[PDB]
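File shown: upload14.pdb (PDB, C-alpha atoms).
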```
ATOM      1  CA  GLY F   1       8.798   1.669  17.240  1.00  0.00           C
ATOM      2  CA  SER F   2      11.696  -0.105  15.573  1.00  0.00           C
ATOM      3  CA  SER F   3      13.076   1.226  12.308  1.00  0.00           C
ATOM      4  CA  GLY F   4      13.614  -1.678   9.941  1.00  0.00           C
ATOM      5  CA  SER F   5      14.663  -5.040  11.325  1.00  0.00           C
ATOM      6  CA  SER F   6      12.385  -7.868  10.261  1.00  0.00           C
ATOM      7  CA  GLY F   7      12.997 -11.603  10.214  1.00  0.00           C
ATOM      8  CA  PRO F   8      11.447 -14.192   7.888  1.00  0.00           C
ATOM      9  CA  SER F   9       7.747 -14.965   7.668  1.00  0.00           C
ATOM     10  CA  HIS F  10       6.861 -18.212   9.399  1.00  0.00           C
ATOM     11  CA  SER F  11       3.141 -18.149   8.705  1.00  0.00           C
ATOM     12  CA  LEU F  12       0.337 -15.617   8.939  1.00  0.00           C
ATOM     13  CA  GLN F  13       2.042 -12.239   9.012  1.00  0.00           C
ATOM     14  CA  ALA F  14       0.823  -8.656   9.000  1.00  0.00           C
ATOM     15  CA  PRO F  15      -0.343  -7.235   5.663  1.00  0.00           C
ATOM     16  CA  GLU F  16       1.421  -3.886   5.589  1.00  0.00           C
ATOM     17  CA  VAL F  17       4.464  -5.885   6.621  1.00  0.00           C
ATOM     18  CA  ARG F  18       4.114  -8.018   3.514  1.00  0.00           C
ATOM     19  CA  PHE F  19       3.339  -5.099   1.233  1.00  0.00           C
ATOM     20  CA  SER F  20       5.475  -2.687   3.219  1.00  0.00           C
ATOM     21  CA  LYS F  21       8.078  -2.088   0.538  1.00  0.00           C
ATOM     22  CA  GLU F  22       5.035  -0.925  -1.387  1.00  0.00           C
ATOM     23  CA  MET F  23       3.420   1.195   1.299  1.00  0.00           C
ATOM     24  CA  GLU F  24       6.716   3.055   1.351  1.00  0.00           C
ATOM     25  CA  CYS F  25       6.842   3.485  -2.408  1.00  0.00           C
ATOM     26  CA  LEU F  26       3.240   4.646  -2.336  1.00  0.00           C
ATOM     27  CA  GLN F  27       3.985   7.291   0.267  1.00  0.00           C
ATOM     28  CA  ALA F  28       6.828   8.606  -1.857  1.00  0.00           C
ATOM     29  CA  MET F  29       4.289   9.162  -4.611  1.00  0.00           C
ATOM     30  CA  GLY F  30       2.099  10.942  -2.088  1.00  0.00           C
ATOM     31  CA  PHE F  31      -0.324   8.135  -1.326  1.00  0.00           C
ATOM     32  CA  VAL F  32      -0.169   8.627   2.424  1.00  0.00           C
ATOM     33  CA  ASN F  33      -3.542   6.935   2.706  1.00  0.00           C
ATOM     34  CA  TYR F  34      -2.343   3.909   4.638  1.00  0.00           C
ATOM     35  CA  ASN F  35      -5.590   2.305   5.737  1.00  0.00           C
ATOM     36  CA  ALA F  36      -6.425   2.704   2.067  1.00  0.00           C
ATOM     37  CA  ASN F  37      -3.208   1.616   0.398  1.00  0.00           C
ATOM     38  CA  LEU F  38      -3.009  -1.287   2.817  1.00  0.00           C
ATOM     39  CA  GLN F  39      -6.450  -2.550   1.874  1.00  0.00           C
ATOM     40  CA  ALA F  40      -5.807  -1.712  -1.762  1.00  0.00           C
ATOM     41  CA  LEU F  41      -2.633  -3.765  -1.565  1.00  0.00           C
ATOM     42  CA  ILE F  42      -4.416  -6.725  -0.019  1.00  0.00           C
ATOM     43  CA  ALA F  43      -6.963  -6.140  -2.757  1.00  0.00           C
ATOM     44  CA  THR F  44      -4.170  -6.467  -5.289  1.00  0.00           C
ATOM     45  CA  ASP F  45      -2.314  -9.125  -3.336  1.00  0.00           C
ATOM     46  CA  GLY F  46       0.708  -6.847  -3.384  1.00  0.00           C
ATOM     47  CA  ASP F  47       0.437  -4.797  -6.555  1.00  0.00           C
ATOM     48  CA  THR F  48       1.502  -1.173  -6.783  1.00  0.00           C
ATOM     49  CA  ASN F  49       0.393  -0.578 -10.354  1.00  0.00           C
ATOM     50  CA  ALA F  50      -3.069  -1.951  -9.686  1.00  0.00           C
ATOM     51  CA  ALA F  51      -3.059  -0.466  -6.204  1.00  0.00           C
ATOM     52  CA  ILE F  52      -2.458   2.893  -7.842  1.00  0.00           C
ATOM     53  CA  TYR F  53      -4.900   2.337 -10.681  1.00  0.00           C
ATOM     54  CA  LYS F  54      -7.508   1.513  -8.064  1.00  0.00           C
ATOM     55  CA  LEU F  55      -6.637   4.273  -5.626  1.00  0.00           C
ATOM     56  CA  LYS F  56      -6.518   6.834  -8.411  1.00  0.00           C
ATOM     57  CA  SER F  57      -9.908   5.666  -9.623  1.00  0.00           C
ATOM     58  CA  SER F  58     -11.333   6.148  -6.151  1.00  0.00           C
ATOM     59  CA  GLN F  59     -12.545   9.723  -5.859  1.00  0.00           C
ATOM     60  CA  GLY F  60     -13.035  10.427  -2.172  1.00  0.00           C
ATOM     61  CA  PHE F  61     -10.593  12.959  -0.770  1.00  0.00           C
ATOM     62  CA  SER F  62      -7.094  11.759  -1.568  1.00  0.00           C
ATOM     63  CA  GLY F  63      -5.158  14.221  -3.696  1.00  0.00           C
ATOM     64  CA  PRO F  64      -6.394  15.980  -6.841  1.00  0.00           C
ATOM     65  CA  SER F  65      -3.418  16.144  -9.173  1.00  0.00           C
ATOM     66  CA  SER F  66      -3.865  16.601 -12.905  1.00  0.00           C
ATOM     67  CA  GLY F  67      -2.014  18.159 -15.816  1.00  0.00           C
TER
END
```
Can the structure from this file be put into structure tokens for me?
Amino acid sequence: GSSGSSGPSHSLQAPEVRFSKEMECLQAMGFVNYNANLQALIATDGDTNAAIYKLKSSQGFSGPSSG
């Protein structure tokens, strides 16, 4: 809808909004799974590393990449 633009957080704000900067970083990596990342984030209270560690762990159609 509106690219960027976001004021301060008064109280009780969206999750993805809070961990947005992350959701974006995740995507870059390839973690498009939003509904997942989002939850994962909330599960890590805003933590990419963990978020990743968790996501990665999860083995249910995401993106098989090894080497």
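We find atom CA of residue F:3 and atom CA of residue F:42 to be spaced 22.8 Å apart.
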### Contact residues around stretch 9-21 of chain F with all atoms listed in the file at 10 Å, ignoring same-chain residues under 5 positions, as a ChimeraX atom specification
/F:26,34-35,37-39,41-42,45-48
### Query
How many Å lie between atom CA of residue F:64 and atom CA of residue F:32, rounded to one decimal?
13.4 Å
To test the calculation: enclose all listed atoms of stretch 8-12 of chain F in a box whose edges run along x, y and z, add 8 Å on each side, then state centre and edge lengths in Å to one decimal, as lines of an AutoDock Vina configuration file.
```
center_x = 5.9
center_y = -16.2
center_z = 8.5
size_x = 27.1
size_y = 20.0
size_z = 17.7
```
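Across the structure, atom CA of residue F:6 and atom CA of residue F:23 are spaced 15.6 Å apart.
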### Query
Which residue out of F:59, F:44, F:4, F:50 has the minimum interatomic distance to residue F:24 when all atoms listed in the file are used?
F:4
### Task
Go through F:40, F:7, F:31, F:2 and flag the residue nearest residue F:61, using only C-alpha atoms for the distances.
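Ranking F:40, F:7, F:31, F:2 by distance to residue F:61, first place goes to F:31.
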